[PDB]
Amino acid sequence: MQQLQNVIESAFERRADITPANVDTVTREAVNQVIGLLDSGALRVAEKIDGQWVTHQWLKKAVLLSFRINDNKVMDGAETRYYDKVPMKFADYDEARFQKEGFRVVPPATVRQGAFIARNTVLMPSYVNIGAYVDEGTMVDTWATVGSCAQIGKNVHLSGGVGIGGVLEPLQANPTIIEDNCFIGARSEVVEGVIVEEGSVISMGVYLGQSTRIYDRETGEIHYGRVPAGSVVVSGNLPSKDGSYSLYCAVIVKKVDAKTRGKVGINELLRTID
Amino acid sequence: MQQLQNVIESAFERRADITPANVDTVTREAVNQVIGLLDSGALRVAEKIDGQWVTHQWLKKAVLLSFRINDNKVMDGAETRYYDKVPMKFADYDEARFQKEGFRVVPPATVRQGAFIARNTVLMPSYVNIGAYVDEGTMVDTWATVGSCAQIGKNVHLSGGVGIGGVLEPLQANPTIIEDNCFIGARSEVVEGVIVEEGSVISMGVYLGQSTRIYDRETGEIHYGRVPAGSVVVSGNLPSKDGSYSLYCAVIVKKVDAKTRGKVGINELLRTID
Amino acid sequence: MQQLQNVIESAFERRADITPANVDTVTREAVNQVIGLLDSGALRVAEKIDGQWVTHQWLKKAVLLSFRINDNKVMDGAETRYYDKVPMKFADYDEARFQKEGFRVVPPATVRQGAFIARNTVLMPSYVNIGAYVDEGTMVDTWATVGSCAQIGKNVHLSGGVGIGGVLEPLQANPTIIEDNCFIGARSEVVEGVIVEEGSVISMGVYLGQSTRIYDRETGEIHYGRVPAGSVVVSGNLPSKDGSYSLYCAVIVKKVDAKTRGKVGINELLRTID
Ligand SMILES: CC(C)(COP(=O)(O)OP(=O)(O)OC[C@H]1O[C@@H](n2cnc3c(N)ncnc32)[C@H](O)[C@@H]1OP(=O)(O)O)[C@@H](O)C(=O)NCCC(=O)NCCSC(=O)CCC(=O)O
Ligand SMILES: CC(C)(COP(=O)(O)OP(=O)(O)OC[C@H]1O[C@@H](n2cnc3c(N)ncnc32)[C@H](O)[C@@H]1OP(=O)(O)O)[C@@H](O)C(=O)NCCC(=O)NCCSC(=O)CCC(=O)O
Ligand SMILES: CC(C)(COP(=O)(O)OP(=O)(O)OC[C@H]1O[C@@H](n2cnc3c(N)ncnc32)[C@H](O)[C@@H]1OP(=O)(O)O)[C@@H](O)C(=O)NCCC(=O)NCCSC(=O)CCC(=O)O
Ligand SMILES: O=C(O)CCCCCC(=O)O
Ligand SMILES: O=C(O)CCCCCC(=O)O
Ligand SMILES: O=C(O)CCCCCC(=O)O
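Per-chain numbering applies: from 1 upward along each written sequence, possibly unlike the entry's numbering, with residues missing coordinates excluded. Throughout, the order in which chains and ligands are written sets their labels, letters from A for the former and numbers from 1 for the latter. Processing note: side-chain calculations cover all non-hydrogen atoms of the structure and skip hydrogens and water entirely. Residues with missing side-chain atoms are left out of burial classes, side-chain pairs and their counts.

As documented in the archive entry, the model was determined using X-ray crystallography at 2.3 Å resolution.

Elements are defined by DSSP. Helices are runs of H or I of four residues or more, strands are runs of E of two residues or more, and each kind is numbered from the N terminus. Helices and strands together make up the secondary structure of chain A, namely five helices and 26 strands. For 274 residues, the compact-globule estimate of 2.2 N^0.38 gives 19 Å, and the C-alpha radius of gyration of chain A, at 20 Å, lies within 12% of that figure. Projected onto its principal axes, the C-alpha coordinates of chain A cover approximately 60 × 45 × 45 Å. What makes two residues a contact is simply this: any of their non-hydrogen atoms within 4.5 Å. Of the contacts formed within chain A by residues at least 6 apart in sequence, a portion of 41% connects residues at least 24 apart. We compute the radius of gyration over the C-alpha atoms and compare it with the globule rule, which gives 2.2 Å times the number of residues raised to the power 0.38.

With that settled, the discussion passes to the sheet that holds strand β18 (residues 189-190) of chain B. Here we have six strands laid out as an open sheet, ordered β6-β9-β12-β15-β18-β21 (chain B), and parallel in their pairing. For this open sheet the edge positions go to β6 (110-111) and β21 (207-208) of chain B, each flanked by a neighbour on one side alone. Each pair of strands is called paired provided DSSP finds at least two bridges between the two strands.

The criterion for a residue being near a molecule or strand is simple. One of its heavy atoms has to lie within 4 Å of it. Neighbouring ligand 2 are 28 residues, the closest being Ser203(B), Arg217(B), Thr260(B), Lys263(B) and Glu189(C). At the site occupied by ligand 2, nearby residues are drawn from chains B and C. The side chain of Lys259(B) places a nitrogen or oxygen atom 3.0 Å from an oxygen atom of ligand 2. We define a polar contact as two N or O atoms separated by no more than 3.5 Å, with the added condition that, inside protein, one atom must be a possible hydrogen donor and the other a possible acceptor, whereas residues neighbouring each other in sequence contribute only through side-chain atom pairs. The side chain of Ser211(C) places a nitrogen or oxygen atom 3.0 Å from an oxygen atom of ligand 2.

What follows covers the packing of helix α2 (residues 25-39) of chain C against helix α3 (residues 57-69) of chain C. Residue and element names in this part refer to chain C. Note on geometry: axes are lines fitted to C-alpha atoms, helical ones only across the stretch in contact, with angles between N-to-C directions running from 0 to 180 degrees. At a closest axis distance of 9 Å, the pairing of α2 and α3 adopts a crossing angle of 125°. With respect to each other, α2 and α3 are oriented oblique. With respect to the hand of their crossing, α2 and α3 are arranged in left-handed fashion. Contacts between α2 and α3 involve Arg-28, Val-31, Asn-32, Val-34, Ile-35 and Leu-38 from the former and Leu-59, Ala-62, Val-63, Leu-65, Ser-66 and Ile-69 from the latter. Following the grouping adopted for this structure description, the nonpolar residues are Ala, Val, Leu, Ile, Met, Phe, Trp, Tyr, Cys and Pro, the charged ones are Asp, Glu, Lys and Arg, and the polar ones are all others, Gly among them. When grouped by side-chain class, the residues that make up the contact of α2 with α3 number nine nonpolar, two polar and one charged. Each angle receives one of four descriptions, namely roughly parallel if under 35 degrees, roughly antiparallel if over 145, roughly perpendicular if within 65 to 115, and oblique otherwise. Take the far helix as the reference: if the near one is turned anticlockwise from it by less than a right angle, the crossing is left-handed, and if turned clockwise, right-handed.

The interface of chain C with chain A comprises 54 residues on the first partner and 51 residues on the second. Those elements that provide at least two residues to the side of chain C that touches chain A are α4 (95-101), β5 (104-105), β25 (231-239), β26 (246-255) and α5 (258-264) of chain C. Here the side of chain C that touches chain A gets six residues from one element, more than from any other, and that element is β25(C). Across the side of chain C that touches chain A, the residue classes break down as 32 nonpolar, eleven polar and eleven charged.

In this section: the site of ligand 6. With respect to spatial proximity, 13 residues lie near ligand 6, and among them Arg104(B), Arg112(C), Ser148(C), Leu168(C) and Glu169(C) are the closest. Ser148(C) places a side-chain nitrogen or oxygen 2.9 Å from an oxygen atom of ligand 6. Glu169(C) places a polar main-chain atom, nitrogen or oxygen, 2.9 Å from an oxygen atom of ligand 6. Accessible surface is estimated by sampling points in the Shrake-Rupley manner with a 1.4 Å probe; for residues, cover comes only from the protein chains shown. Isolated, ligand 6 exposes 340 Å² of accessible area, and the fraction of that covered by the protein chains is 96%. Split into classes, the residues belonging to the shell around ligand 6 amount to six nonpolar, three polar and four charged.

For the rest of this paragraph, the subject is the nonpolar core. Counting residues in hydrophobic clusters, the biggest one holds 132 residues, and the most contacted among them are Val146(A), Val146(B) and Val146(C). In this structure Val146(B) touches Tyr127(B), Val128(B), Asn129(B), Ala132(B), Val134(B), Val140(B), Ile152(B), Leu158(B) and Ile164(B), once residues within four positions along its chain are discounted. If you look at the next biggest cluster of nonpolar residues, it comprises 99 residues, including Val23(A), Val34(B), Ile130(B) and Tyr127(C). Residues grouped as a nonpolar core are buried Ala, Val, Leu, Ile, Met, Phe, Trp, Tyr and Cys residues, joined through side-chain atoms within 4.5 Å. Summary of the burial criterion: residues with accessible area below 20% of their type's maximum are buried, those above 50% are exposed, and those between are partly exposed, where the area comes from a 1.4 Å probe applied to protein chains only.

This part takes up the packing of aromatic side chains. Stacked, tilted and edge-to-face pairs are distinguished by plane angle, under 30 degrees for stacked and over 60 for edge-to-face with tilted covering the rest, among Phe, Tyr and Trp rings (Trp via its six-membered ring) whose centres lie within 6.5 Å. By the definition in use, this model includes 27 aromatic pairs over all chains. Relative to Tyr245(B), the ring of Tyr215(A) lies with its centre 5.9 Å away and its plane at 55°, an arrangement referred to as tilted. Of this pair, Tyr215(A) sits in strand β22 (residues 214-216) while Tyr245(B) sits in the loop between β25 (231-239) and β26 (246-255), on two different chains. Judged by its relative accessible area of 10%, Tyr245(B) is buried. Note on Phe90(B) and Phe103(B): the rings are 5.6 Å apart at their centroids and 40° apart in plane angle, and the pair reads as tilted. Of this pair, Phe90(B) sits in the loop between β4 (81-84) and α4 (95-101) while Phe103(B) sits in the loop between α4 and β5 (104-105), and the two are 13 residues apart along the sequence. A single burial state applies to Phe90(B) and to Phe103(B), both of which are buried.

Let us look at the relation of the copies chain A and chain B. The copies line up through least-squares superposition based on their C-alpha atoms. Superposition of chain A onto chain B requires a rotation of 120° combined with a translation of 0.0 Å along the rotation axis, giving an RMSD of 0.0 Å. Viewed as a symmetry operation, the transformation between the two copies matches a three-fold axis. Among all residues of chain A, the minimum C-alpha distance to the rotation axis is found for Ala78(A), at 3.3 Å.

This part is about the pattern of salt bridges. Whenever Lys or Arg places a side-chain nitrogen within 4 Å of a carboxyl oxygen from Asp or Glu, that contact is recorded as a salt bridge. In the structure shown here, the tally under the stated rule is 39 salt bridges over all chains. A salt bridge links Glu136(A) to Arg119(A); the shortest N-O distance between them is 3.6 Å. Of this pair, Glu136(A) sits in the loop between β10 (133-134) and β11 (139-140) while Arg119(A) sits in the loop between β7 (116-117) and β8 (122-123), placing them 17 residues apart in sequence. Overall, the relative accessible area of 44% leaves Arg119(A) in the partly exposed class. Residues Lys48(C) and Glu179(C) are paired through a salt bridge, measuring 3.3 Å at the closest nitrogen-oxygen approach. With a gap of 131 residues between them, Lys48(C) in strand β1 (residues 46-49) and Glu179(C) in the loop between β16 (177-178) and β17 (183-184) connect regions that are remote in the sequence. Looking at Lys48(C), the relative accessible area reads 39%, which means it is partly exposed. Beyond isolated ion pairs, a larger network of salt bridges with shared partners links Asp84(A), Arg112(A) and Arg104(C).

Right, let's talk about the pairing of β26(B) for a bit. Of all ten residues that make up β26(B), eight are buried, and the element is covered over most of its length. Judged from the two bridges that link them, strand β25 (residues 231-239) of chain A and β26(B) form a sheet pairing that is antiparallel. Bridging from a neighbouring strand, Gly236(A) pairs with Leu247(B) of β26(B). Sheet analysis places strand β22 (residues 214-216) of chain B next to β26(B), joined by three bridges and oriented parallel. Along β26(B), the bridge assignment pairs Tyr215(B) with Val251(B). Pairing analysis gives nine bridges linking β25(B) to β26(B), with the strands arranged antiparallel.

What follows is about the environment of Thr272(B). All names here are of chain B. You can see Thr-272 is positioned in the segment after α5 (258-264). Sequence separation between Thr-272 and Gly-137 is 135 residues, and the spatial gap between their C-alpha atoms is 8.9 Å. In contact with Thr-272, other than residues within four places in its own chain, are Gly-102, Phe-103 and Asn-120.

Between chain A and chain B, the contact holds 54 residues from the first and 51 residues from the second. Put simply, the parts of the chain that give the side of chain A that touches chain B at least two residues each are α4 (95-101), β5 (104-105), β25, β26 (246-255) and α5 (258-264) of chain A. The biggest single contributor to the side of chain A that touches chain B is β25(A), with six residues. Tallied by class, the residues present in the side of chain A that touches chain B amount to 32 nonpolar, eleven polar and eleven charged.

Structure follows, in C-alpha cells:
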C-alpha cells in the first residue's frame, strides 16, 4: 500500500529524532493504520511466495516506529499497575466479538495490539508480541512466547515454556517462522530467522539459532538456518577434532512416522465447537 | 462412585456429538459433580496402591468431557479480557477460606477449578491445570507448570520454569507423577507418564520423556520411564556406535547425600505459621 | 546502619519463635525500614568493593524475617484472588511517579516490594523477587525471573525464559550476580552465587551452578563459580574416562567480538525517550 508504505520509510529515516511530541499527525495516523492492518491479518510482516518466505522490511519499520511515536500510559492492573506504550489487544472485546473471532483465551494469556490471532486457536497463559501472526488451529501452551513478528503456521503445537525469537531486542533481520503442522517440544527455543519446515517435530530442550549445527546422522549433511520438512529433531553434541570435548547441536534422528505421530497430535476436542 | 462413574463413561462414548447445547442436565450435573470432587482432593486421577501407581482412566474422561459440556464465557481481566470455559479456582475464596485452607498464593499465580492444592503449599506465580494434585508442603516456583492430571507429592520442590507434563494436548495415557520429597531443578521438564521416585534430585535443564535413556554410569543399566528413588540426575549424552556424534540422555551420577541435601532443602520459614 | 543492623541480627536469632502476633513493634518497624531501603536502592544486599563482590548477610536476614513478621492478606485479582504477605511494588504508583522513575512495565510484569528497579529499564512480563537489584538500561525479557537478592548490572539483556537464582528456597549463602553489559541467552539459568563477569555472552539453554564445569577449550583450564569477563559461553559435554558417556558442561568457545556483538546488542529505541 504505497499511501502508507511511503510515509513510513520516510520517518524511519529520522527514527532517532521523532518523539511522542515532535511527531506530525500525518506520520502518527499512518503508523497507527499500518498497525491496525497487522492486528487484523489484513497485512503481515512476512509471507510465502513462490515457495520462498519473504520479509516486508518496511512493515518491521512501522513496528519499530510505533515505539517512537507513542507514549507510555498507566495501565490499571488489579493488585498492581503498569506503565507501557502498547495497548492490550483484547481490552475492547465483548462476548459477541470473541464469539465471532473463534479462538480461546486462557487467563492470564496476554496479547499485544498489532498481533494476529486466527480462528480456532487456543492460547494457554502465554505471550504474543506485536506484529506476530498465529494461524488456524494452533495451540500456544503455558508460558510459551510468540516473539515480535514471528510467523506461526496452522495446526501448530508450541508446547509449554517454548520461545519463538522476535526481531526487536536483539534487533533481527528476519522473523522466525514455523511452518504448518509443526510440533515444538517443551522448553525449546527457535530464534534468529530460522525456518522450521512443515510437519517437523522438535523434541524438548532443543535450541536453534543461526550458529546451531543441525546434523543429519543419515546423510552426514549439516544444515544451518532451517529444518527440512518432516524431520524429527533432538538434542545432541558433536565432538572436537582432538575428542577433548563436545559441543551442542541439533540432530535429525529420523523422518516423522506413526510412532512419532501418536505422541504429538492435536486434540480437536480442545478446539472450537461449531 | 458408580452413580457418577456410570453416567460418565456413557457420554464419553458420544464425546464428539455432545455440545454445550445438546447435552442433558443429567450428564451436565454429573461431570460437574465429578469435577468438584477432584477440586477437593476427595477424588484423584491417580493413586498409589500396593506400591503401584494406578490411573482412574474414567476420571480423565470426565476432565476431557468438561470441555464438551461447558461453554466459554468472558472473563474480565483488569487491563484485558479472557474467553475460556474453565473457571478460576480461587475466585470465590475470602480470607476466611484461605485461612483455613493453609497455603500461600503469590500473584499472579493461577489455578484452574478441578485442581487440588494441599495445606502448607506455596504457589509462586505459576500454573496448575485442571485435575492435578499438589500435596502438602510443596513449593511450585516461578513460571513452573503443573500439567493437567499431574500428581505432585508432599514436600516437593519444583524450581523455576519447571514443567510437569499434562495429559490433554498431546493426549496421554498416564499422568506424570512426582513422588514425595523430590527436588526438580530449574527449567527441567518431566512428561509422558514418567515417574520420579521419592527423594530423587533432578538437576537443571534435564528433560525426561518416554524416549529418554536414563543411564546409570555405575551399573551400566539404562532405564526408561522412571527415576529410581533417591537418585541424583543430570544431563549428559551417549555416543553413536561410530562415535560420529552423541545424543542427549539423563545420567544418574550418584545417590543423594549430605552434600546434595545441603543444596536442595525446603525452607520452613517460608511455610505456613501455626 | 547500626540502629537497624542491631535490632535485626537480634531477632534473626529467635527466627523460629517470632510470629506475626508475638513480634514487638520495635522489630516490626525496623524490618519494615530495612525493606523500604532496599526498595529504593538506598541499600543493597550485595556490592562490589575493591574489585570484590561482598554480601551483607544481615540484609539477607532482614529479608528472611520479613516472612516471619508479616501476615498474609487477600489480594484482589480481577478474575481471581491471591493470598500472600509481600506487597506489590507498583500498587501505589501514579503516572507522575512512573514518569520520574523512568522505566517501562509491560503487563503483566510483576515486582515485589523490596526490589530495586533502576532508570531506563524495561520489564517485559516477568518476575522480580524481593531484595533484588536491577541496574540501568537493563531489559528483562518475557517470562524471565530475577531471583530474591540477585544483582543485575547496567545494560544487561536477560532473554526470554531466563532464570537468575535466588537465595530463599533453596537457601543460599551468596546471591547470584550478573555484571554490567552481559547478555544472557534464552532459557538459560544462572544460580548458586555464580558470578558472570562483565561483557560476557551466555548462549541459549546454558545452565550454571556451582557444580558446573566451565571449560576453556583454549587453555584447558576449568572454572567453577564464575565466568571470566568478555567470554562467550555455550553448552557442551565432557567425556568420561572410559569414554562410555559424557556429561554437561559450559564451554568457553571464544572471546566476544564484532560478529558476536551484532547478535546481542541493546535496542535504544526501546529505551526511555528523553
Ligand atoms: C521427539 C519425541 C516425540 C520422540 O520421537 P518418537 O517417539 O517418535 O521416536 P523414538 O523412536 O522414541 O526415538 C528415535 C530416536 O530418537 C531418540 N529420541 C527421541 N526422542 C528423544 C529425546 N527426547 N531425547 C533423546 N533421544 C530421543 C531415541 O533415543 C531414538 O534413538 P535411536 O534412533 O538411535 O535408537 C519425544 O522425544 C518428544 O520430544 N516428545 C515431546 C514431549 C513434550 O515436549 N510434550 C509437551 C509437554 S508440555 C505439556 O503438555 C503441559 C505441561 C507443561 O506445560 O510443561
Ligand atoms: C544436582 C546438583 C544439586 C549437584 O549435586 P551435588 O551438589 O550434591 O553433587 P556434585 O558433587 O556437585 O556432583 C557430582 C557429580 O555430578 C556432576 N554434577 C552435579 N550437578 C551437575 C550439573 N548441574 N551439571 C553437571 N554436572 C553436575 C558433578 O560434575 C560430579 O561429577 P563427577 O561425579 O563425575 O565427579 C546441582 O547440579 C543442581 O542441580 N542444583 C540445582 C540448582 C537449581 O536448579 N536451583 C533452583 C534455582 S531457581 C530459583 O531458586 C529462583 C530463580 C528462578 O526462578 O530461576
Ligand atoms: C552465542 C551466539 C551469539 C553465537 O556467538 P557468535 O555468533 O558470535 O559465534 P559463532 O561464530 O557463530 O560461534 C563460534 C563457535 O561457537 C559455536 N556456537 C555459537 N553459538 C552456539 C550455539 N548456540 N550452539 C552451538 N554452538 C554455538 C559455533 O558452532 C562455533 O563453533 P567453532 O568455534 O568450533 O567453529 C548464539 O549462539 C546465541 O547464543 N544467540 C542468542 C540468541 C537468543 O537467545 N536470543 C534471544 C531470543 S528470546 C526473544 O528475543 C523473544 C522470544 C522469546 O521470548 O523466546
Ligand atoms: O520493548 C518492548 O516492548 C518489546 C521488546 C521485545 C523483546 C524481544 C523481541 O525482540 O521480541
Ligand atoms: O485446552 C485447555 O484449556 C488445556 C490444554 C492443556 C495442554 C497441556 C496439557 O495436556 O496439560
Ligand atoms: O516464599 C516466597 O514468597 C519466595 C520464595 C522464592 C523461591 C526462590 C528464591 O529463592 O528466590
